[PDB]
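Protein chains in written order, with the authors' numbering: chain A, 1 to 279; chain A', 1 to 279; chain A'', 1 to 279. A prime marks a further copy of an entry chain.
First up is the structure itself, then whatever we jot down about it.
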Amino acid sequence: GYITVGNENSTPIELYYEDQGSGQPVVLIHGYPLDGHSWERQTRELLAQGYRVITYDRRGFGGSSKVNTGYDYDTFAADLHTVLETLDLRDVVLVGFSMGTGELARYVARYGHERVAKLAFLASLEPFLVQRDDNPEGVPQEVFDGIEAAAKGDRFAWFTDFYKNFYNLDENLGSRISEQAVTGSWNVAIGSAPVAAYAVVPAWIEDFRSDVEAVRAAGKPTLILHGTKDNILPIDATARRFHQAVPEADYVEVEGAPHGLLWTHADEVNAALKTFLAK
Amino acid sequence: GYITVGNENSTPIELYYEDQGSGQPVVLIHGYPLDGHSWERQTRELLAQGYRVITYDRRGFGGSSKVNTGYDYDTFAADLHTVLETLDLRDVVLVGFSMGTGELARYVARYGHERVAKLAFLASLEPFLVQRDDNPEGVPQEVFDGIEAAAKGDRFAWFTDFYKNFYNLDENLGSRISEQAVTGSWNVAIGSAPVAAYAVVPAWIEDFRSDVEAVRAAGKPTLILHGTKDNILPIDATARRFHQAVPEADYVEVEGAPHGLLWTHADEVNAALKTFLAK
Amino acid sequence: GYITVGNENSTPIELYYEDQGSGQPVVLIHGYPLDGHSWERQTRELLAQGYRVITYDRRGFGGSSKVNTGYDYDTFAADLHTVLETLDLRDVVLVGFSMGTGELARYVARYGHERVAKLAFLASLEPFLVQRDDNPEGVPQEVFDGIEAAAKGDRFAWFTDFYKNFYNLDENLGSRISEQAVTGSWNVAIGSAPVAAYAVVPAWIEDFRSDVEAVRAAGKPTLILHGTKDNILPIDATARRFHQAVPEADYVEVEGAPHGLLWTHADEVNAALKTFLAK
């Protein structure tokens with residue numbers, strides 16, 4: 001399916017989406033640089049549990065418009081807003097992974113939470129990833145400058161390097177992810193808009209601290225889940241701070257899990273989501 | 001092109017299709033887990049012979065909607081019905097390969113054959129693939145349970161394993177199919193809906209014996225063709241039984257050919273189709 | 001985005017396109033067998049310079065309709081005409097690479113140049129590639145017969161062989177193009193219509209000499225640029241003849257560059273385009 005969310009010059013900006021099953025709606029918002037099918041090990045379990053599972057592809061990724069403009073969380077949240085309004089979803093469970101955790105918080109901040117039943121943040125960006133004078137816990141800017149330069153420099157070679165760290169392949173290749181599944185991740189990645197490989201870097205490092213205040217003040221059931229061996233989003237720079245800021249959230253650390261834990265630790269992710277959604 | 005065949009929640013179910021050439025219409029219905037381009041070695045010959053060649057992609061595959069629902073032959077036949085009605089095709093030659101042989105028989109059973117000139121069944125599922133008390137010639141259920149578990153377990157690794165047996169690669173790699181063509185088959189496969197990798201297993205093993213009665217009673221020119229080294233659909237469990245049940249059909253065994261014979265034995269397939277369509 | 005340019009039987013022929021930025025419009029027309037994203041190293045620079053950058057995918061390629069008909073430059077030029085009329089582009093800079101250089105010349109010949117500000121021909125087909133009694137400078141027909149047979153014979157293996165010569169991989173693999181970028185080129189190539197792999201061969205070798213007269217007589221700023229180690233379009237059979245025929249054009253030979261110089265020599269291409277567009 002497609003939902004129109006805007007225009008880029010003479011072209012409509014269309015987000016590809018899938019809408020499956022019946023029951024309470026659950027919207028899964030994928031990470032960089034994948035698409036809605038990256039949720040497959042979660043989707044099939046949620047469908048079996050009697051939820052209506054919707055995924056969509058972020059602008060620039062998967063089946064969505066390969067735009068040049070709007071790679072920022074105000075825009076990504078406006079896109080999500082349009083998806084929820086177009087489908088008129090109520091009592092929705094929002095689930096974000098990696099980049100998708102940004103949509104959840106920015107959406108609540110900008111649009112409120114009348115439509116939202118629950119929020120699940122998996123491998124979160126929050127609260128503020130890049131080190132600044134007022135954010136000493138963050139990661140030095142130079143890391144992101146280097147990533148931006150690599151992704152712009154040759155996105156094809158970059159995605160290979162990125163997935164090594166995404167999945168902790170030295171540890172997990174052949175035990176928790178096959179060579180073929182890694183190749184599938186790469187094939188999806190290179191289909192994204194060339195500019196999207198690096199245009200998202202500034203979005204990743206936006207300050208979400210005020211959005212985290214909105215999320216906490218909403219008082220809706222919230223889950224924060226992270227792998228302890230996440231080498232993309234270091235657990236001390238993200239989830240542990242997010243947990244400190246939102247102590248009411250259910251909190252899960254998946255021992256030994258990498259960033260790419262929807263696949264490598266699908267069982268643990270599924271168990272946490274099953275418990276959380278049953279509340 | 002796209003033809004709408006239904007809805008899955010808020011999304012239309014759209015089948016991708018191609019409609020080329022001029023002359024008597026011939027509809028080619030591809031096998032798992034490929035798409036309409038898998039017919040390329042046949043398509044170009046039929047076009048050169050002065051036929052109008054139409055292919056479409058089965059739901060879940062190729063360019064068609066990546067649905068969760070309807071992976072069964074009643075639905076696959078209803079999809080075909082909608083394609084034929086939408087395009088208002090008359091005197092059509094239907095040609096199925098592997099899964100596509102199921103559409104042909106179920107379509108005739110459910111909708112009749114007023115629009116149909118001829119039927120060609122290549123690498124057929126018929127008559128009933130899975131062993132049961134009333135179907136002693138079939139293959140034990142455990143084979144299909146294992147396939148379903150592998151395809152659900154990791155579809156990326158599964159497609160690699162599947163294509164080895166699909167093409168008899170130990171025999172044919174480098175002589176009747178290139179490494180690059182195998183890779184092309186895999187790239188197409190992983191684009192299918194994640195759920196479609198395994199959701200089709202129960203469809204493959206449906207009982208087609210009553211549909212075979214409908215096909216035989218139609219009395220339209222019929223071709224049944226199979227490779228003698230088909231390790232996906234064993235010739236004694238399928239084509240030889242189908243031939244016994246429909247003795248009026250033209251019958252071709254392609255000596256030494258695997259399941260993937262549209263590619264590896266394109267010449268033999270083309271020669272059989274040319275003769276058959278000329279009648 | 002899509003622009004409808006015709007019909008093939010029951011299906012509209014739709015060209016995929018992207019329309020980005022603001023400023024004077026620049027239309028980039030890709031080479032075989034790639035798509036509009038192959039321009040990525042040029043697109044991002046032109047956008048940064050304040051141009052509106054449009055690319056589209058040639059019929060049969062990339063995201064465009066996978067047709068069987070119209071693989072000839074009269075049709076390719078009519079497609080371009082429809083793109084320019086549909087978007088109502090004025091003062092447009094047309095930039096062609098490899099096959100795209102054919103659209104530029106045939107378009108001016110058939111439709112004039114009222115909408116066109118400037119023309120840039122990169123790795124040009126012009127003036128007439130195949131040797132004939134009245135074209136002694138051309139390449140013997142047998143070369144093209146061999147290519148057509150290889151591309152029809154197994155397009156998957158063919159694209160691998162083609163890209164070796166496209167990029168001069170013996171020289172450039174690992175220094176000016178990564179293995180991963182080569183794989184990205186192959187993944188895009190195999191997505192093209194099966195018939196398009198070889199149907200374009202006769203189009204490549206059309207006589208453009210009368211079109212070159214139209215281009216020269218237009219008197220619009222023109223750039224001709226070619227790599228000196230182009231092993232796909234030999235510089236003496238193409239650019240040097242084109243330069244002799246249109247001496248008013250700006251002329252650039254990129255020392256040591258292969259056919260695939262948008263990627264391998266992006267800096268040199270970008271520098272030439274920046275200078276040319278600034279005029």
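From the three backbone atoms N, C-alpha and C, an ideal C-beta is built for every residue, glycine too.
- Nearest neighbour of residue 243 of chain A'' by Cα position, chosen from A'':258, A'':123 and A'':111, turns out to be A'':123.
- A check of alpha carbon separations from residue 116 of chain A' across A':126, A':105 and A':125 identifies A':105 as the nearest.
- Cβ atoms of residue 71 of chain A'' and residue 196 of chain A'' come within 8 Å of each other, at about 7 Å.
- Restricting attention to alpha helix (DSSP H) runs no shorter than 4 residues, the segment 95-178 of chain A' encloses them at 99-111, 141-153, 155-167 and 169-172, ordered along the chain.
- Residues of the segment 167-198 of chain A that bring their beta carbon within less than 7 Å of a beta carbon in chain A'' comprise 187, 190, 194 and 195, in sequence order.
- Residue state for residue 35 of chain A'' is assigned as coil, using DSSP reduced to three classes.
- Looking at the backbone, the Cα of residue 128 of chain A and that of residue 256 of chain A are separated by about 23 Å.
- Inter-residue distance for residue 232 of chain A and residue 165 of chain A is about 7 Å (C-alpha atoms, whole angstroms).
- Rounded to the nearest whole angstrom, the C-alpha separation of residue 225 of chain A and residue 245 of chain A is 14 Å.
- For residue 5 of chain A', there is no enclosing alpha helix (DSSP H); the residue is part of the beta strand (DSSP E) that begins and ends at 2-8.
- Chain-order list of chain A' residues neighbouring residue 19 of chain A: 8, 9, 10 and 11, by C-beta distance under 7 Å.
- When DSSP reads this structure, residue 26 of chain A'' sits in a beta bridge with A'':53 and A'':93.
- Counting along the chain, residue 275 of chain A'' sits inside the alpha helix (DSSP H) bounded by residues 266-278.
- Contact with chain A' is absent for residue 75 of chain A'', since none of that chain's Cβ atoms lies less than 8 Å from the residue's Cβ.
- Around residue 37 of chain A, the beta-carbon contacts reaching into chain A' at under 7 Å are 194.
- Residue pairing by DSSP puts residue 227 of chain A in a beta bridge opposite A:254.
- Close CB contacts of residue 138 of chain A within its chain, under the 7 Å cut and outside five residues either way in sequence, are with 128, 129, 130, 131, 132 and 237 (chain order).
- In the DSSP annotation of this structure, residue 16 of chain A'' is not part of any alpha helix (DSSP H); the continuous beta strand (DSSP E) holding it starts and ends at 11-20.
- Under the DSSP assignment, residue 87 of chain A' falls in the alpha helix (DSSP H) whose first and last residues are 73-87.
- In the structure shown, residue 207 of chain A falls within a strand segment according to DSSP collapsed to helix, strand and coil.
- Taking 8 Å as the threshold, the shortest C-beta distance from residue 219 of chain A'' to chain A does not fall below it.
- Cβ contact annotation for residue 100 of chain A' (same chain, cutoff 7 Å, sequence separation greater than five): 29, 30 and 31, in chain order.
- At a cut-off of 8 Å, the C-beta of residue 66 of chain A'' has a neighbouring C-beta in chain A'.
- Assignment of beta-bridge partners to residue 222 of chain A by DSSP yields A:119.
- Residue 163 of chain A and residue 171 of chain A have their C-alpha atoms roughly 13 Å apart.
- Burial check for residue 278 of chain A': the Cβ neighbour count within 10 Å stays below 16, so the residue is exposed.
- Residue 23 of chain A' and residue 275 of chain A' have their C-alpha atoms roughly 17 Å apart.
- Residue range 40-48 is occupied by the alpha helix (DSSP H) that includes residue 47 of chain A.
- Within a 10 Å sphere around the beta-carbon of residue 153 of chain A'' sit fewer than 16 other beta-carbons, which makes this residue exposed.
- In terms of Cβ geometry, residue 118 of chain A'' and residue 220 of chain A'' form a close pair [threshold 8 Å].
- Beyond the five residues adjoining it in sequence on each side, residue 241 of chain A comes within less than 8 Å, by CB distance, of 126, 127 and 137 in the same chain, given in chain order.
- Short of 6 Å from the beta carbon of residue 43 of chain A'', and not among the five residues preceding or following it, lie these beta carbons of its own chain, in chain order: 53.
- If you draw a straight line from the Cα of residue 79 of chain A' to the Cα of residue 6 of chain A', it is about 8 Å long.
- Remark: C-beta atoms of residue 89 of chain A' and residue 57 of chain A' do not approach each other more closely than 8 Å.
- Against chain A', a Cβ distance below 8 Å from residue 160 of chain A'' picks out 180.
- Between residue 229 of chain A and residue 252 of chain A, the alpha-carbon positions lie close to 13 Å from each other.
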